[PDB]
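Visitor: Sequence first, structure after, both from an experimental entry:
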Amino acid sequence: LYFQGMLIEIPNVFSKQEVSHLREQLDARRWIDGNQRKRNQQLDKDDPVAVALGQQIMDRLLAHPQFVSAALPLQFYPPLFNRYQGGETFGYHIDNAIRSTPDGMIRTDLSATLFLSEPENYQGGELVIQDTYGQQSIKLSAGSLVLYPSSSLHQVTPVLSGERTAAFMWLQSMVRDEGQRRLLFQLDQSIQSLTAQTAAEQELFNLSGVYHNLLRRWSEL
Amino acid sequence: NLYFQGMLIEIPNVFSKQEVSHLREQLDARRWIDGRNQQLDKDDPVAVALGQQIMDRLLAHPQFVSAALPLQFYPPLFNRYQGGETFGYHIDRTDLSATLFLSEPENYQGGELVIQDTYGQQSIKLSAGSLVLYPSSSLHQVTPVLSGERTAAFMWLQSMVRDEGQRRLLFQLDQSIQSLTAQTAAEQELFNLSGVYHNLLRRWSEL
Amino acid sequence: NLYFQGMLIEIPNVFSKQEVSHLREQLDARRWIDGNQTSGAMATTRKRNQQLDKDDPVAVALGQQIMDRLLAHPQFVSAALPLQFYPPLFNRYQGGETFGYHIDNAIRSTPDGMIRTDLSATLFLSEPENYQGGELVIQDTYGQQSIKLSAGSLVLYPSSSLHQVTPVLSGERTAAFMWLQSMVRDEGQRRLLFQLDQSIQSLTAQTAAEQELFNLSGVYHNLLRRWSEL
Amino acid sequence: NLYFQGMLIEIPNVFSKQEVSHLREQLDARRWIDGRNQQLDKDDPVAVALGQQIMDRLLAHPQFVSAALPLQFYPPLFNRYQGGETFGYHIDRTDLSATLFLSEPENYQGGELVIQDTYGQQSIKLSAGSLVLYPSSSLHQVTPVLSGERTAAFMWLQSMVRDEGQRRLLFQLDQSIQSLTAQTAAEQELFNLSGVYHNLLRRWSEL
Amino acid sequence: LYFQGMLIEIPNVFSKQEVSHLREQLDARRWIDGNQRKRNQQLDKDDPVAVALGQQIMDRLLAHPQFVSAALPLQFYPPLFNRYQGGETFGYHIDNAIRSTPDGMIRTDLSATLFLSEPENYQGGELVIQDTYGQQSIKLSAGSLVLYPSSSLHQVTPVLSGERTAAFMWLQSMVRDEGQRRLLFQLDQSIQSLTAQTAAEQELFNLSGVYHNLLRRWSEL
Amino acid sequence: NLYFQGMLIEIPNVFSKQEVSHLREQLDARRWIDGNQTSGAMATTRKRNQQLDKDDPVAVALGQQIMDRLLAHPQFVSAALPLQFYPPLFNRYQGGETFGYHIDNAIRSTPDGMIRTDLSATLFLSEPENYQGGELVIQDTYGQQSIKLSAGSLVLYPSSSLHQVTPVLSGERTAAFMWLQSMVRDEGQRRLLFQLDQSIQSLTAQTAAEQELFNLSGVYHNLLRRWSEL
Ligand code: NI
Ligand code: NI
Ligand code: NI
Ligand code: NI
Ligand code: NI
Ligand code: NI
């Protein structure tokens, strides 16, 4: 779990075997073209395999304690499967703050990309994110996830060779403010480390009480 | 660009003159009930259908979407004022109220939508096909129509941003970003400003 | 006139003895499922008890009767200012069954969406004299308390407390447990509202000047409006 | 008990009629400057001394102290309106503004202190020796005095509670506690209510 | 350091020897009577010995880390020296939320009594405090301090035998909200215990960072 | 056009080289006092350096010249939105002198009252090439950075950071350090204001339509008003 700047990497969300089973199912579906500057391919949002596998990705992420701690998810925009090859790219843009989903409107606090192609198997296709804190290129291993704020100016550089398949999504967090969400995450991770280091049980409970209190003060459901 | 006249915004030419005639042709053929003013029944099928057309047109209007940040519409109602008919001072979650004018302001005497502000009040009668958008909490009235007739569509809506000041600040920021986009201003600054806009929208929105 | 015991409040006689008996007659004829698994505690907890399935029709129905009764109880409404309940769950403790020290999760999922757990509540459905042990021990910054109330009484307490149900070594403890999100998030604000309300009620009972009662009610409703998050 | 007439409070009989005559006797002997109305110089020693007497009397008045929760006074100024003299609509940290009336309202034509509210506006002319207290942010005017003369003391002050609504809620709570104290209500409830009052004052005060 | 309910006891703020030296100085001064229902004795606020020794009490309290942690003092109402004997008492009352001091107005967040008589040496003179949380009688050892919220309904019961000398004061905290102030105190004390238990330095720093952040979010200076 | 490096910002050439030289000439002739004692760090810290006394007249005077210069610097004002400074202190590091890992206190006392330490700042008064070591290492949740800037440049950073000054093993590092309370408490808000301001300045330099510049400035001032605590 790497906390490189403003963005967080969750490695091995799915295994290499699970990624292959995901790809065998996804590759069989009908990849539709589009320009919605952008030129790439996607599975239709209502494709039943896309819907089913997107639910599997959400279930898996919701079963990951570090993901849950870092993002405190309230509601996901259902995963969207995308593909970039032969010069396909998504130019610099800012994501909209509000997005319409099948179960109402959500505030896009965080964006997330699950990689379904190995980085060595495609030239280009880097996810470049740019903020007031800085700039980074992201091209993680198949099964790994990058979680980043939706406010970032970003792009997917052209894939000049091979192909890049990934699941993309947005999510509304229970904690709106990034500063508050990072403080909670910091406190939770200290509690986890102290638990692993066998610290006094009374202090683990006291700190967990502080955490509970802050989450109760700052959450918006 | 189109600014805010204090605490209220005018969206001109939501419908063309030809379109407004076509709306009036359909509306005028319906049964107007004496409910002091007049109106079409909320469940009148032509009122419900034109109400839906008004909503679709408004949601397709970037300036309206930006000004209101609509979350939920309450279906438009159709009213009419003539021969001394008026609506006294009153306050009407409805965040915003709107009137789409369906009669030209010159074709009737009186019938001014008077809306109170912090600084005083504003009297509004816009061109047929134009809309006025204002906070539902504002004290307001429709002065008597002593000659001619005033037909209009009136509606309420929940906004994504409940605070009036926050909603205008966002609108002004958005409107300036568009104007700079038409002027071909530096890309990096257009992005930096949009970033500021979306950050404020993330801070202030309630869905 | 009800008062807090530190950070908790007891609401007595929510159901009569005869109603508790009828509730038990219905509950006892259902399928009680052994549970050694925690759900709702912040860290891993040593739990061993019996429960009715959350979707048991009789459990759902009586859960609704409990919520309906609580919503009709003026002192419960004043103390908790309920916005949304996590539907009541029925649990039982006997033969060494216990729920170890833990803190309840701040956020819980319910069928009608996610709620913030402002307050926890237990409706007692066995008489405290009829079982040994089974004390709800609630600990916080401002002290510690052991609670076993009369059948049909309810205890209301913050979900943030460090708490446990000590082992029941003889007899059986049956109860309905729940959480709720209050209209008022902050505990200090919610307690000030309860205090103001309760004073208005005492002054009403004492036959105080109606204009003063009216004015104080106006103050109460203005505060409630300012501090509520609906 | 004495309630709030919407967003403004009237404090009657701050000074008696005899005392008001004594204040006017001293004030009327001074040099009034044409600064459209009139006033005494801020550094006029009799104006400064009577200004201090007004402040002392007000700070000794439980209803005023409770209504304003004064933190800091800006020294009272003395104005006069006659023969068409008026003060147009305007907004004036000054939290509150106050006028102590030094002429009987019947002894002059016009000269109404008009103050805008959320619901509309209020026209105020009180008895000599009475005071009106209102938010400084309120839009207001003094209508022309067409006959007789209107002498008054006007002042601003920082309150301990900046929010108008919070300040009225506290005042109403306090006023009800006093009334119940005069009625010999149960001691325990009088204490419980005072506890609620002081808790709100602790939450809302800015010193 | 006992956290009995809503109130906190700080024992041995001054030693028994220091209390005797305080009392030798205080007993020489002119004790003035008054009814400001109340009947007790006090030293005049402008008595130079009272002013000097009050400063010593504030200096000592500001040098006590647990006092500083619990109260987070911003400004004190200078200590007032009081004495109860021969039926003298202070009946049930609520302290005013706002108090005027020589250096401006303060909000009375907390009240505090430093005991300068041993409890065994006077019959009665109990400080009875009553809140929504409950009720307590307080009559601590000479040199010990009780710190309690100023919102409490309270009294000093009559002293029927001997005498009770004490320093009383109010203080405005940097953190207005009691709930927030207790959470900070809880977090600080966990950090101190973990430091004493030799927990990983990185976690002590992380938790101290959380504390710093919360104090910066909630303080009012 | 200045930009943040993660959570910190460098303001270059606050004073010219000639002015830094004149500042050093005045500072060097004063009495430097050996200090092994921490003041302003949250926990006990291993510190060993030299400082000028806080009440040294020349230190007070040059501290005022530094604050005056910073207040006249548009980019410093935009980044920090200063409300109140803790008056600058002059420190020096040589011959193994260092300031170990610590976090600065959230609240500091000053002669004109208590301040909240929103931001920390160091004005460099030795060239980074003229000493070995003495890097200001600033660490937080979002990364770590080592800073040694040109003489007369300033680094501005959050006081919440875990940070140290690594040992100076050759030459000497002289600097002025300070804290400040910003008009805007929240760092996220303060950064959004800086971003908006800086864009308006770039658009001004690019000769953008004056009505748009005016409108954007109105937005900026409305935000500043909403988020300031004066
Ligand atoms: Ni994107
Ligand atoms: Ni209306
Ligand atoms: Ni529990
Ligand atoms: Ni005025
Ligand atoms: Ni007292
Ligand atoms: Ni430091």
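Guide: Arrived safely, thanks for sending. Numbering: from 1, shown residues only, chains lettered A, B, ... in the order given. Ligands and ions are numbered 1, 2, ... in the order given.
Visitor: Report the closest residue of chain A relative to chain C.
Guide: In chain A, the residue that lies nearest chain C is residue A:215 (4.1 Å; C-beta to the nearest C-beta). The way it works is simple: take the backbone N, C-alpha and C, and place the C-beta from them, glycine included.
Visitor: So which other helices or strands are in contact with the host helix or strand of that residue?
Guide: Residue A:215 belongs to helix A:201-218 when assigned by DSSP states H and E. Helix A:201-218 sits against helix A:178-196, helix E:178-196, with contacts defined as 3 or more C-beta pairs under 8 Å, 6 or more residues apart in numbering or on different chains; DSSP states H and E.
Visitor: Please identify which of those helices is closest to chain F.
Guide: Of the helices and strands packed on helix A:201-218, nearest to chain F by C-beta to the nearest C-beta is helix A:178-196, at 5.2 Å.
Visitor: who's in contact with that closest one?
Guide: Helix A:178-196 has contacts (C-beta atoms under 8 Å, 6 or more residues apart in numbering or on different chains) with A:69-72, A:109, A:149, A:173, A:175, A:203-204, A:207-208, A:210-211, A:214-215, A:218, C:43, E:194, E:199-200, E:202-203, E:206-207, E:209-210, E:213-214, F:141-142, F:186-188.
Visitor: Let's see the longest strand along chain A as CSV, backbone CA atoms only.
Guide: Longest strand of chain A, by residue count under DSSP state E: strand A:159-173. What follows is strand A:159-173, C-alpha atoms only, in CSV (Å, rounded to 0.1, in the frame of the first residue of the first chain):
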residue,chain,number,x,y,z
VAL,A,159,-1.1,3.7,-26.4
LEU,A,160,1.2,3.4,-29.3
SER,A,161,1.7,-0.4,-29.0
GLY,A,162,-0.3,-3.3,-27.5
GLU,A,163,-3.4,-2.6,-25.4
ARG,A,164,-4.5,-1.2,-22.0
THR,A,165,-7.7,-2.6,-20.4
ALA,A,166,-8.9,-1.2,-17.1
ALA,A,167,-11.9,-0.6,-14.9
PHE,A,168,-12.5,3.0,-14.0
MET,A,169,-14.8,4.5,-11.4
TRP,A,170,-15.8,7.4,-9.2
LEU,A,171,-16.9,7.4,-5.6
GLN,A,172,-18.5,9.6,-3.1
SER,A,173,-16.8,9.4,0.3
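Visitor: related to what we said a few turns ago, and the contacts of helix A:178-196, which of them are buried?
Guide: A:69-72, A:109, A:149, A:173, A:175, A:203-204, A:207-208, A:210-211, A:214-215, A:218, E:194, E:199, E:203, E:206-207, E:209-210, E:213-214, F:141-142, F:186-187 (16 or more other C-beta atoms under 10 Å in any protein chain shown).
Visitor: measure residue A:221 to chain E for me?
Guide: 20 Å (C-beta to the nearest C-beta, to the nearest Å).
Visitor: Spit out the contact partners of residue A:208.
Guide: Residue A:208 sits next to A:191, C:42, C:43, C:103 when contact means C-beta under 8 Å, 6+ apart.
Visitor: swap in residue A:13?
Guide: Residue A:13 neighbours (C-beta under 8 Å, 6+ apart): A:57, A:60, A:61, A:64, A:67, A:114, A:143, A:144, A:145.
Visitor: Look up phi and psi at the residue nearest to the spatial centre of chain A.
Guide: Residue closest to the average C-alpha location in chain A (C-alpha atoms, centre = their mean): residue A:112, at 2.0 Å. With angles defined as degrees, to the nearest 10, residue A:112 sits at phi -150, psi 140.
Visitor: thought it was touching residue A:149?
Guide: No: taking contacts as C-beta atoms under 8 Å, residue A:112 lies outside contact range of residue A:149: 10.6 Å.
Visitor: shared neighbours, the two?
Guide: Going by C-beta under 8 Å, 6+ apart, no residue sits against residue A:112 while also sitting against residue A:149.
Visitor: re the thing from before, adding secondary structure, write the contacts of residue A:13 out as TSV.
Guide: Below are the contacts of residue A:13 laid out as TSV (DSSP: H, G, I helix; E, B strand; the rest coil):
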residue	secondary structure
A:57	helix
A:60	helix
A:61	helix
A:64	coil
A:67	helix
A:114	strand
A:143	coil
A:144	coil
A:145	strand
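Visitor: Get me the contact residues on chain A for chain F.
Guide: Taking C-beta under 8 Å from any C-beta of the partner chain as the measure of proximity, chain A contacts chain F at A:3-6, A:132-134, A:177-179, A:182, A:185-186.
Visitor: 10 Å instead?
Guide: By the rule C-beta under 10 Å from any C-beta of the partner chain, the part of chain A lying against chain F is A:3-7, A:131-134, A:151, A:177-180, A:182-183, A:185-186, A:189.
Visitor: The longest strand of chain A near chain B at all?
Guide: Yes: using C-beta under 10 Å from any C-beta, strand A:159-173 reaches chain B at residue A:172.
Visitor: How is chain A partitioned into domains?
Guide: A:1-173, A:175-221 (curated CATH domains).
Visitor: So in that sheet, which strands flank the helix or strand containing residue A:75, and in what orientation?
Guide: If you go by DSSP H and E, residue A:75 is part of strand A:73-85. Counting by DSSP bridges, the strands paired with strand A:73-85 are strand A:38-42 (antiparallel), strand A:159-173 (antiparallel).
Visitor: Since that was my last question, I'll sign off now.
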